[PDB]
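Asker: I'd like to ask some things about the structure below.
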Protein chains: 2
Amino acid sequence: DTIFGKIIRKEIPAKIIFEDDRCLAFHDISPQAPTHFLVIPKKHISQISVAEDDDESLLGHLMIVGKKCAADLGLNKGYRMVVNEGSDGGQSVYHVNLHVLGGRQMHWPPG
Amino acid sequence: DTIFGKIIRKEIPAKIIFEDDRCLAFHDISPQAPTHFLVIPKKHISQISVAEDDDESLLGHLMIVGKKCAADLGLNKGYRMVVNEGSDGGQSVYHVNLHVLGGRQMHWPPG
Ligand SMILES: Nc1ncnc2c1ncn2[C@@H]1O[C@H](COP(=O)(O)NCCc2c[nH]c3ccccc23)[C@@H](O)[C@@H]1O
Ligand SMILES: Nc1ncnc2c1ncn2[C@@H]1O[C@H](COP(=O)(O)NCCc2c[nH]c3ccccc23)[C@@H](O)[C@@H]1O
């Protein structure tokens, strides 16, 4: 399975900042901002392009959890949420993952 | 209200590529990729940091609609989804909006 599959199954260790029945959040190993963490579903969805209609609430939950974690981490000046799909998106771990980045001005274009 | 509020109320014209009872999608006026469109809720939420828990399904719907529009627009090599919060996120229109960008390699960091 993927790296994130291994984190979910508790095969690879990770320092978590949030967990519930539906998702996990943890800091990125290669941070691109002073604050950079990930929110991932526990359900295996390899990429957002294959998410099903009934995954709507789960995907929204990732963003609500991202919002809450951002607040807890003191990102009061703002942040950026990112989901990458496939090669052009730069996906590297093929498990749906929401990036939340902040603590610096985020620029444009977003990559 | 905001620019997007005006688009929703059909005060400002916009060429739409998707509409339902909950959201609208349309191409960005200042595209940053060969394909760059936006998905916005019809409900007024000024920024993701003030989204409520019960907005989970709506937020997920934006991503599912983004996914579907991306497929329709032929983004088979991938894409990137982005939501900006506040000043550090680069928010400029204070109405929740999901960017979908593709048709080129998206780079890292994402801004
Ligand atoms: N054990 C662990 N704990 C915590 N974080 C972990 C981790 N193992 C891995 N990560 C992280 O997962 C993230 C996977 O995100 P992604 O959206 O699949 N690819 C985005 C990065 C990227 C790569 N190549 C690109 C090319 C062009 C654009 C972008 C890129 C990475 O930020 C980082 O590797
Ligand atoms: N009528 C119309 N039809 C179609 N698209 C329209 C439009 N009117 C406006 N837009 C678009 O809304 C988007 C608003 O996105 P945002 O996430 O609020 N800001 C991101 C851009 C940005 C700005 N400054 C920054 C600084 C640092 C990082 C980023 C930035 C813009 O891409 C573009 O202006």
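We label chains A, B, ... in the order they appear in the structure tokens, count residues from 1 in each chain, and number ligands from 1 in the order shown.
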With only C-alpha atoms considered, list every residue of chain A at most 10 Å from chain B, as a PyMOL selection string.
Answerer: chain A and resi 31-33+47-68+70-71+75-91+98-111
Asker: With all Cα atoms paired residue by residue, do a least-squares superposition of chain A on chain B and hand back the transformed coordinates as a compact mmCIF listing (two decimals) with N, CA and C atoms, in the first residue's frame.
Answerer:
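Output file selection-v4.txt is given in full below:
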```
# COMPACT_ATOMS: atom_id res chain seq x y z
N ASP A 1 -22.06 43.56 -1.67
CA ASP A 1 -21.57 42.19 -1.53
C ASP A 1 -20.31 42.00 -2.38
N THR A 2 -19.83 40.76 -2.42
CA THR A 2 -18.63 40.43 -3.17
C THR A 2 -18.91 40.20 -4.64
N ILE A 3 -17.85 40.11 -5.43
CA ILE A 3 -17.99 39.81 -6.84
C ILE A 3 -18.77 38.52 -7.05
N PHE A 4 -18.46 37.51 -6.24
CA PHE A 4 -19.10 36.22 -6.41
C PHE A 4 -20.54 36.26 -5.93
N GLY A 5 -20.82 37.09 -4.93
CA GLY A 5 -22.20 37.32 -4.53
C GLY A 5 -22.98 37.88 -5.70
N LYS A 6 -22.38 38.82 -6.42
CA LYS A 6 -23.03 39.39 -7.59
C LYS A 6 -23.23 38.38 -8.72
N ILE A 7 -22.29 37.46 -8.89
CA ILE A 7 -22.46 36.43 -9.91
C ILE A 7 -23.63 35.50 -9.54
N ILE A 8 -23.69 35.10 -8.28
CA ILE A 8 -24.76 34.24 -7.77
C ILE A 8 -26.15 34.87 -7.92
N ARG A 9 -26.24 36.17 -7.64
CA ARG A 9 -27.52 36.89 -7.75
C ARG A 9 -27.81 37.31 -9.18
N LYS A 10 -26.91 36.93 -10.09
CA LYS A 10 -27.03 37.26 -11.51
C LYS A 10 -27.12 38.78 -11.68
N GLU A 11 -26.21 39.48 -11.01
CA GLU A 11 -26.05 40.93 -11.12
C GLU A 11 -24.92 41.27 -12.08
N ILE A 12 -23.89 40.43 -12.06
CA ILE A 12 -22.74 40.54 -12.94
C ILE A 12 -22.78 39.34 -13.87
N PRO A 13 -22.51 39.54 -15.17
CA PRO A 13 -22.59 38.34 -16.01
C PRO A 13 -21.37 37.42 -15.87
N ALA A 14 -21.60 36.13 -16.09
CA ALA A 14 -20.53 35.14 -16.08
C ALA A 14 -20.91 33.94 -16.94
N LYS A 15 -19.92 33.42 -17.66
CA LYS A 15 -20.12 32.20 -18.45
C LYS A 15 -19.95 30.98 -17.55
N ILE A 16 -21.04 30.26 -17.30
CA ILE A 16 -20.99 29.16 -16.35
C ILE A 16 -20.76 27.85 -17.07
N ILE A 17 -20.06 26.94 -16.40
CA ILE A 17 -19.86 25.62 -16.97
C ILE A 17 -20.61 24.54 -16.16
N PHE A 18 -21.10 24.90 -14.98
CA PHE A 18 -21.90 23.99 -14.16
C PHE A 18 -22.77 24.79 -13.19
N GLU A 19 -24.02 24.36 -12.99
CA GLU A 19 -24.87 24.97 -11.97
C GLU A 19 -25.82 23.94 -11.38
N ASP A 20 -25.93 23.93 -10.06
CA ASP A 20 -27.05 23.23 -9.43
C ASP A 20 -27.59 24.06 -8.27
N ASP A 21 -28.41 23.45 -7.42
CA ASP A 21 -29.05 24.19 -6.34
C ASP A 21 -28.05 24.67 -5.29
N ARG A 22 -26.85 24.10 -5.30
CA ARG A 22 -25.88 24.38 -4.24
C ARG A 22 -24.64 25.12 -4.69
N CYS A 23 -24.34 25.12 -5.99
CA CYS A 23 -23.08 25.73 -6.42
C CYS A 23 -23.06 26.12 -7.88
N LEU A 24 -22.02 26.87 -8.24
CA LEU A 24 -21.76 27.33 -9.61
C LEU A 24 -20.30 27.07 -9.95
N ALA A 25 -20.01 26.78 -11.21
CA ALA A 25 -18.62 26.75 -11.67
C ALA A 25 -18.44 27.59 -12.93
N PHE A 26 -17.30 28.26 -13.04
CA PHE A 26 -17.01 29.13 -14.18
C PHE A 26 -15.52 29.32 -14.32
N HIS A 27 -15.04 29.66 -15.52
CA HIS A 27 -13.60 29.84 -15.72
C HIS A 27 -13.08 31.10 -15.05
N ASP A 28 -11.85 31.03 -14.56
CA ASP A 28 -11.23 32.19 -13.92
C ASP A 28 -10.91 33.26 -14.97
N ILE A 29 -11.16 34.52 -14.60
CA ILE A 29 -10.92 35.69 -15.46
C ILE A 29 -9.43 35.97 -15.65
N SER A 30 -8.62 35.45 -14.74
CA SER A 30 -7.17 35.62 -14.79
C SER A 30 -6.52 34.25 -14.67
N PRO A 31 -6.65 33.42 -15.71
CA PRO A 31 -6.23 32.03 -15.59
C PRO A 31 -4.73 31.87 -15.39
N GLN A 32 -4.37 30.94 -14.53
CA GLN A 32 -2.97 30.67 -14.20
C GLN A 32 -2.47 29.36 -14.78
N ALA A 33 -3.33 28.73 -15.58
CA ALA A 33 -3.00 27.47 -16.22
C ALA A 33 -3.87 27.36 -17.47
N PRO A 34 -3.53 26.44 -18.39
CA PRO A 34 -4.35 26.35 -19.61
C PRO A 34 -5.82 26.09 -19.28
N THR A 35 -6.08 25.36 -18.20
CA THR A 35 -7.41 25.24 -17.65
C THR A 35 -7.37 25.74 -16.21
N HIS A 36 -8.24 26.69 -15.91
CA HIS A 36 -8.34 27.26 -14.57
C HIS A 36 -9.78 27.72 -14.37
N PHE A 37 -10.53 26.98 -13.55
CA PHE A 37 -11.89 27.40 -13.24
C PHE A 37 -12.11 27.40 -11.73
N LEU A 38 -13.25 27.95 -11.34
CA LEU A 38 -13.63 28.12 -9.95
C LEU A 38 -14.93 27.39 -9.68
N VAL A 39 -15.08 26.85 -8.47
CA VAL A 39 -16.36 26.29 -8.01
C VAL A 39 -16.72 27.03 -6.74
N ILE A 40 -17.91 27.62 -6.69
CA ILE A 40 -18.32 28.39 -5.52
C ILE A 40 -19.67 27.94 -5.01
N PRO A 41 -19.86 27.97 -3.69
CA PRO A 41 -21.19 27.70 -3.14
C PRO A 41 -22.13 28.87 -3.43
N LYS A 42 -23.41 28.58 -3.63
CA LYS A 42 -24.40 29.65 -3.71
C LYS A 42 -24.65 30.28 -2.34
N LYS A 43 -24.50 29.49 -1.29
CA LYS A 43 -24.58 29.99 0.08
C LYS A 43 -23.44 30.94 0.36
N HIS A 44 -23.74 32.06 1.01
CA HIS A 44 -22.69 32.98 1.39
C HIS A 44 -21.90 32.46 2.57
N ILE A 45 -20.66 32.06 2.29
CA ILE A 45 -19.67 31.78 3.31
C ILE A 45 -18.48 32.62 2.91
N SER A 46 -18.05 33.54 3.76
CA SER A 46 -17.06 34.53 3.32
C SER A 46 -15.68 33.92 3.17
N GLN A 47 -15.37 32.92 3.98
CA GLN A 47 -14.07 32.29 3.92
C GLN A 47 -14.14 30.96 4.65
N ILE A 48 -13.22 30.06 4.33
CA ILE A 48 -13.34 28.70 4.84
C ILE A 48 -13.20 28.70 6.38
N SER A 49 -12.49 29.67 6.94
CA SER A 49 -12.30 29.69 8.39
C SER A 49 -13.59 29.93 9.16
N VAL A 50 -14.63 30.43 8.50
CA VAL A 50 -15.91 30.63 9.18
C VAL A 50 -16.99 29.64 8.73
N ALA A 51 -16.61 28.65 7.93
CA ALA A 51 -17.52 27.57 7.59
C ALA A 51 -17.96 26.85 8.86
N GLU A 52 -19.22 26.44 8.89
CA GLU A 52 -19.77 25.73 10.05
C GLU A 52 -19.68 24.23 9.84
N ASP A 53 -19.84 23.46 10.92
CA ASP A 53 -19.73 22.02 10.83
C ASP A 53 -20.71 21.44 9.83
N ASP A 54 -21.90 22.01 9.76
CA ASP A 54 -22.94 21.48 8.89
C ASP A 54 -22.75 21.89 7.44
N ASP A 55 -21.68 22.65 7.16
CA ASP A 55 -21.29 22.95 5.78
C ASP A 55 -20.41 21.85 5.18
N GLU A 56 -20.17 20.77 5.92
CA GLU A 56 -19.28 19.70 5.45
C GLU A 56 -19.68 19.16 4.10
N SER A 57 -20.95 18.82 3.94
CA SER A 57 -21.41 18.23 2.70
C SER A 57 -21.29 19.21 1.54
N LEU A 58 -21.56 20.48 1.81
CA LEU A 58 -21.46 21.50 0.78
C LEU A 58 -20.02 21.64 0.30
N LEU A 59 -19.08 21.70 1.25
CA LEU A 59 -17.67 21.84 0.90
C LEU A 59 -17.20 20.63 0.10
N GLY A 60 -17.64 19.44 0.50
CA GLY A 60 -17.29 18.24 -0.24
C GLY A 60 -17.88 18.26 -1.64
N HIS A 61 -19.10 18.79 -1.74
CA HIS A 61 -19.77 18.92 -3.03
C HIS A 61 -18.96 19.79 -3.99
N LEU A 62 -18.37 20.87 -3.48
CA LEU A 62 -17.51 21.70 -4.32
C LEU A 62 -16.38 20.87 -4.94
N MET A 63 -15.75 20.01 -4.14
CA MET A 63 -14.68 19.18 -4.66
C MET A 63 -15.18 18.13 -5.66
N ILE A 64 -16.33 17.52 -5.39
CA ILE A 64 -16.88 16.54 -6.32
C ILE A 64 -17.27 17.22 -7.64
N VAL A 65 -17.86 18.41 -7.55
CA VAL A 65 -18.17 19.16 -8.76
C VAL A 65 -16.88 19.57 -9.50
N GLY A 66 -15.86 20.01 -8.76
CA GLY A 66 -14.57 20.30 -9.37
C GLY A 66 -13.99 19.11 -10.11
N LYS A 67 -14.07 17.93 -9.50
CA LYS A 67 -13.58 16.70 -10.09
C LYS A 67 -14.29 16.39 -11.40
N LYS A 68 -15.61 16.55 -11.39
CA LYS A 68 -16.42 16.25 -12.56
C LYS A 68 -16.16 17.25 -13.67
N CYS A 69 -16.06 18.53 -13.32
CA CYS A 69 -15.77 19.53 -14.34
C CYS A 69 -14.39 19.33 -14.95
N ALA A 70 -13.42 18.97 -14.11
CA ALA A 70 -12.08 18.69 -14.59
C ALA A 70 -12.09 17.55 -15.62
N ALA A 71 -12.87 16.51 -15.34
CA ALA A 71 -12.97 15.40 -16.27
C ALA A 71 -13.60 15.86 -17.57
N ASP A 72 -14.64 16.68 -17.46
CA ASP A 72 -15.32 17.15 -18.66
C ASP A 72 -14.41 18.01 -19.52
N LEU A 73 -13.50 18.73 -18.88
CA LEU A 73 -12.58 19.62 -19.58
C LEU A 73 -11.32 18.91 -20.05
N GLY A 74 -11.26 17.60 -19.83
CA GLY A 74 -10.20 16.77 -20.39
C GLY A 74 -8.90 16.79 -19.63
N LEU A 75 -8.97 17.05 -18.33
CA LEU A 75 -7.76 17.11 -17.52
C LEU A 75 -7.30 15.73 -17.06
N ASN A 76 -7.00 14.86 -18.02
CA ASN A 76 -6.71 13.46 -17.70
C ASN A 76 -5.29 13.23 -17.18
N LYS A 77 -4.46 14.27 -17.20
CA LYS A 77 -3.09 14.15 -16.73
C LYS A 77 -2.98 14.65 -15.31
N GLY A 78 -4.07 15.21 -14.80
CA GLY A 78 -4.13 15.67 -13.43
C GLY A 78 -4.45 17.14 -13.28
N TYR A 79 -4.52 17.59 -12.02
CA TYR A 79 -4.88 18.96 -11.73
C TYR A 79 -4.62 19.24 -10.28
N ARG A 80 -4.78 20.50 -9.90
CA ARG A 80 -4.60 20.91 -8.52
C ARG A 80 -5.83 21.68 -8.08
N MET A 81 -6.30 21.39 -6.86
CA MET A 81 -7.40 22.12 -6.24
C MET A 81 -6.84 23.00 -5.14
N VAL A 82 -7.32 24.24 -5.06
CA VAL A 82 -6.79 25.21 -4.10
C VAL A 82 -7.91 26.00 -3.46
N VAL A 83 -7.87 26.18 -2.14
CA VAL A 83 -8.76 27.13 -1.48
C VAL A 83 -7.90 28.06 -0.66
N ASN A 84 -8.10 29.36 -0.85
CA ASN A 84 -7.33 30.37 -0.12
C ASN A 84 -8.10 30.98 1.04
N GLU A 85 -7.43 31.09 2.19
CA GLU A 85 -8.01 31.73 3.37
C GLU A 85 -7.23 32.97 3.77
N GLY A 86 -7.92 34.11 3.80
CA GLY A 86 -7.36 35.33 4.36
C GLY A 86 -6.17 35.91 3.61
N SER A 87 -5.47 36.82 4.28
CA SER A 87 -4.40 37.56 3.64
C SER A 87 -3.24 36.66 3.22
N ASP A 88 -2.80 35.79 4.12
CA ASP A 88 -1.67 34.91 3.80
C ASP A 88 -2.04 33.89 2.74
N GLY A 89 -3.32 33.57 2.61
CA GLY A 89 -3.72 32.63 1.58
C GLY A 89 -3.85 33.33 0.24
N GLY A 90 -3.90 34.66 0.27
CA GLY A 90 -4.10 35.43 -0.95
C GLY A 90 -5.57 35.58 -1.33
N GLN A 91 -6.47 35.37 -0.38
CA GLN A 91 -7.88 35.57 -0.69
C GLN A 91 -8.11 37.01 -1.17
N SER A 92 -8.88 37.17 -2.25
CA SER A 92 -9.13 38.50 -2.82
C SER A 92 -10.63 38.74 -2.97
N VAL A 93 -11.37 37.67 -3.23
CA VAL A 93 -12.83 37.71 -3.23
C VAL A 93 -13.29 36.94 -2.00
N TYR A 94 -13.94 37.63 -1.08
CA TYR A 94 -14.25 37.03 0.21
C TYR A 94 -15.60 36.31 0.15
N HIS A 95 -15.54 35.23 -0.62
CA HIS A 95 -16.59 34.26 -0.79
C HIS A 95 -15.82 32.99 -1.06
N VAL A 96 -16.13 31.93 -0.31
CA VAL A 96 -15.42 30.66 -0.48
C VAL A 96 -15.37 30.25 -1.95
N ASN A 97 -14.17 29.95 -2.43
CA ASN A 97 -14.03 29.51 -3.81
C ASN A 97 -12.90 28.50 -3.99
N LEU A 98 -13.24 27.42 -4.69
CA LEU A 98 -12.31 26.35 -4.99
C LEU A 98 -11.72 26.55 -6.38
N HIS A 99 -10.40 26.73 -6.46
CA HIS A 99 -9.71 26.75 -7.75
C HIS A 99 -9.40 25.35 -8.24
N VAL A 100 -9.58 25.11 -9.53
CA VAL A 100 -9.10 23.89 -10.16
C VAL A 100 -8.23 24.29 -11.34
N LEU A 101 -6.97 23.84 -11.32
CA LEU A 101 -5.98 24.23 -12.33
C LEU A 101 -5.36 23.01 -12.97
N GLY A 102 -5.18 23.03 -14.29
CA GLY A 102 -4.55 21.92 -14.97
C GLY A 102 -4.15 22.25 -16.39
N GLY A 103 -3.68 21.24 -17.11
CA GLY A 103 -3.20 21.47 -18.47
C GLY A 103 -1.73 21.84 -18.53
N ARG A 104 -1.09 21.88 -17.38
CA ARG A 104 0.35 22.04 -17.29
C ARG A 104 0.83 21.38 -16.01
N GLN A 105 2.13 21.13 -15.93
CA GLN A 105 2.71 20.67 -14.68
C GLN A 105 2.51 21.73 -13.63
N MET A 106 1.92 21.35 -12.50
CA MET A 106 1.84 22.25 -11.36
C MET A 106 3.06 22.01 -10.46
N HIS A 107 3.65 23.09 -9.95
CA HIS A 107 4.94 22.98 -9.30
C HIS A 107 4.84 23.00 -7.77
N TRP A 108 5.99 22.96 -7.11
CA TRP A 108 6.02 22.89 -5.66
C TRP A 108 7.13 23.79 -5.18
N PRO A 109 6.90 24.59 -4.13
CA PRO A 109 5.68 24.70 -3.30
C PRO A 109 4.50 25.27 -4.07
N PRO A 110 3.28 25.07 -3.55
CA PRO A 110 2.09 25.56 -4.23
C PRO A 110 1.87 27.03 -3.94
N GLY A 111 2.82 27.87 -4.35
CA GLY A 111 2.82 29.25 -3.93
C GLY A 111 3.65 29.39 -2.67
```
Asker: Using backbone DSSP assignments, extract all strand (DSSP E) residues from chain A; output them as a PDB file with N, CA and C atoms, in the first residue's frame.
Answerer:
```
ATOM      1  N   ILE A  16       0.735  12.556  15.268  1.00  0.00           N
ATOM      2  CA  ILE A  16      -0.564  13.040  14.814  1.00  0.00           C
ATOM      3  C   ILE A  16      -0.991  14.255  15.605  1.00  0.00           C
ATOM      4  N   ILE A  17      -1.712  15.150  14.950  1.00  0.00           N
ATOM      5  CA  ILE A  17      -2.241  16.308  15.648  1.00  0.00           C
ATOM      6  C   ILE A  17      -3.773  16.253  15.747  1.00  0.00           C
ATOM      7  N   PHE A  18      -4.402  15.335  15.015  1.00  0.00           N
ATOM      8  CA  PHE A  18      -5.847  15.134  15.084  1.00  0.00           C
ATOM      9  C   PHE A  18      -6.203  13.726  14.611  1.00  0.00           C
ATOM     10  N   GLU A  19      -7.144  13.062  15.282  1.00  0.00           N
ATOM     11  CA  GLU A  19      -7.651  11.778  14.805  1.00  0.00           C
ATOM     12  C   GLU A  19      -9.113  11.616  15.176  1.00  0.00           C
ATOM     13  N   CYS A  23     -10.717  10.378   9.828  1.00  0.00           N
ATOM     14  CA  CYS A  23      -9.511  10.991   9.275  1.00  0.00           C
ATOM     15  C   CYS A  23      -8.394  11.166  10.289  1.00  0.00           C
ATOM     16  N   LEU A  24      -7.216  11.513   9.767  1.00  0.00           N
ATOM     17  CA  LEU A  24      -6.007  11.786  10.551  1.00  0.00           C
ATOM     18  C   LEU A  24      -5.380  13.076  10.055  1.00  0.00           C
ATOM     19  N   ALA A  25      -4.751  13.833  10.945  1.00  0.00           N
ATOM     20  CA  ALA A  25      -3.919  14.962  10.526  1.00  0.00           C
ATOM     21  C   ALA A  25      -2.539  14.893  11.163  1.00  0.00           C
ATOM     22  N   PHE A  26      -1.520  15.294  10.409  1.00  0.00           N
ATOM     23  CA  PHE A  26      -0.133  15.253  10.886  1.00  0.00           C
ATOM     24  C   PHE A  26       0.709  16.230  10.092  1.00  0.00           C
ATOM     25  N   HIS A  27       1.830  16.684  10.654  1.00  0.00           N
ATOM     26  CA  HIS A  27       2.682  17.644   9.948  1.00  0.00           C
ATOM     27  C   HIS A  27       3.417  17.002   8.774  1.00  0.00           C
ATOM     28  N   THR A  35       4.107  26.567   8.859  1.00  0.00           N
ATOM     29  CA  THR A  35       3.148  25.542   9.222  1.00  0.00           C
ATOM     30  C   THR A  35       2.704  24.844   7.942  1.00  0.00           C
ATOM     31  N   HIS A  36       2.835  23.528   7.932  1.00  0.00           N
ATOM     32  CA  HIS A  36       2.435  22.711   6.796  1.00  0.00           C
ATOM     33  C   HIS A  36       2.035  21.343   7.328  1.00  0.00           C
ATOM     34  N   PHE A  37       0.734  21.056   7.325  1.00  0.00           N
ATOM     35  CA  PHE A  37       0.275  19.739   7.737  1.00  0.00           C
ATOM     36  C   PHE A  37      -0.670  19.156   6.700  1.00  0.00           C
ATOM     37  N   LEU A  38      -0.987  17.878   6.887  1.00  0.00           N
ATOM     38  CA  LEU A  38      -1.818  17.111   5.973  1.00  0.00           C
ATOM     39  C   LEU A  38      -3.038  16.591   6.712  1.00  0.00           C
ATOM     40  N   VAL A  39      -4.169  16.498   6.013  1.00  0.00           N
ATOM     41  CA  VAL A  39      -5.361  15.824   6.540  1.00  0.00           C
ATOM     42  C   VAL A  39      -5.717  14.733   5.553  1.00  0.00           C
ATOM     43  N   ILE A  40      -5.826  13.494   6.024  1.00  0.00           N
ATOM     44  CA  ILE A  40      -6.121  12.381   5.134  1.00  0.00           C
ATOM     45  C   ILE A  40      -7.299  11.568   5.633  1.00  0.00           C
ATOM     46  N   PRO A  41      -8.108  11.048   4.708  1.00  0.00           N
ATOM     47  CA  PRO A  41      -9.172  10.127   5.115  1.00  0.00           C
ATOM     48  C   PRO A  41      -8.584   8.784   5.541  1.00  0.00           C
ATOM     49  N   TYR A  79      -4.230  30.972   5.382  1.00  0.00           N
ATOM     50  CA  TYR A  79      -3.575  29.747   4.972  1.00  0.00           C
ATOM     51  C   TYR A  79      -4.095  29.334   3.623  1.00  0.00           C
ATOM     52  N   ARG A  80      -3.484  28.299   3.068  1.00  0.00           N
ATOM     53  CA  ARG A  80      -3.905  27.769   1.780  1.00  0.00           C
ATOM     54  C   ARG A  80      -4.133  26.280   1.921  1.00  0.00           C
ATOM     55  N   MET A  81      -5.226  25.794   1.330  1.00  0.00           N
ATOM     56  CA  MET A  81      -5.526  24.367   1.265  1.00  0.00           C
ATOM     57  C   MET A  81      -5.289  23.874  -0.155  1.00  0.00           C
ATOM     58  N   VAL A  82      -4.662  22.711  -0.292  1.00  0.00           N
ATOM     59  CA  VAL A  82      -4.294  22.193  -1.608  1.00  0.00           C
ATOM     60  C   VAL A  82      -4.574  20.704  -1.692  1.00  0.00           C
ATOM     61  N   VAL A  83      -5.178  20.244  -2.788  1.00  0.00           N
ATOM     62  CA  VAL A  83      -5.260  18.808  -3.062  1.00  0.00           C
ATOM     63  C   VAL A  83      -4.700  18.582  -4.445  1.00  0.00           C
ATOM     64  N   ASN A  84      -3.760  17.656  -4.555  1.00  0.00           N
ATOM     65  CA  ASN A  84      -3.133  17.341  -5.835  1.00  0.00           C
ATOM     66  C   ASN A  84      -3.683  16.071  -6.471  1.00  0.00           C
ATOM     67  N   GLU A  85      -3.975  16.147  -7.769  1.00  0.00           N
ATOM     68  CA  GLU A  85      -4.441  14.994  -8.537  1.00  0.00           C
ATOM     69  C   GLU A  85      -3.462  14.621  -9.639  1.00  0.00           C
ATOM     70  N   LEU A  98      -5.136  16.360   1.882  1.00  0.00           N
ATOM     71  CA  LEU A  98      -5.323  17.800   1.887  1.00  0.00           C
ATOM     72  C   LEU A  98      -4.143  18.477   2.572  1.00  0.00           C
ATOM     73  N   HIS A  99      -3.416  19.315   1.834  1.00  0.00           N
ATOM     74  CA  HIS A  99      -2.377  20.149   2.437  1.00  0.00           C
ATOM     75  C   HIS A  99      -2.955  21.422   3.033  1.00  0.00           C
ATOM     76  N   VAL A 100      -2.465  21.809   4.208  1.00  0.00           N
ATOM     77  CA  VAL A 100      -2.776  23.119   4.761  1.00  0.00           C
ATOM     78  C   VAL A 100      -1.456  23.808   5.068  1.00  0.00           C
ATOM     79  N   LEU A 101      -1.246  24.979   4.468  1.00  0.00           N
ATOM     80  CA  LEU A 101       0.021  25.713   4.573  1.00  0.00           C
ATOM     81  C   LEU A 101      -0.216  27.128   5.062  1.00  0.00           C
ATOM     82  N   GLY A 102       0.623  27.605   5.980  1.00  0.00           N
ATOM     83  CA  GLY A 102       0.489  28.965   6.460  1.00  0.00           C
ATOM     84  C   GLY A 102       1.697  29.434   7.237  1.00  0.00           C
TER      85      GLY A 102
END
```
Asker: Mind checking DSSP for range 34-86 of chain B and telling me the alpha helix (DSSP H) residues as a list in words?
Answerer: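 For range 34-86 of chain B, the alpha helix (DSSP H) set is residues 56, 57, 58, 59, 60, 61, 62, 63, 64, 65, 66, 67, 68, 69, 70, 71, 72 and 86 of chain B.
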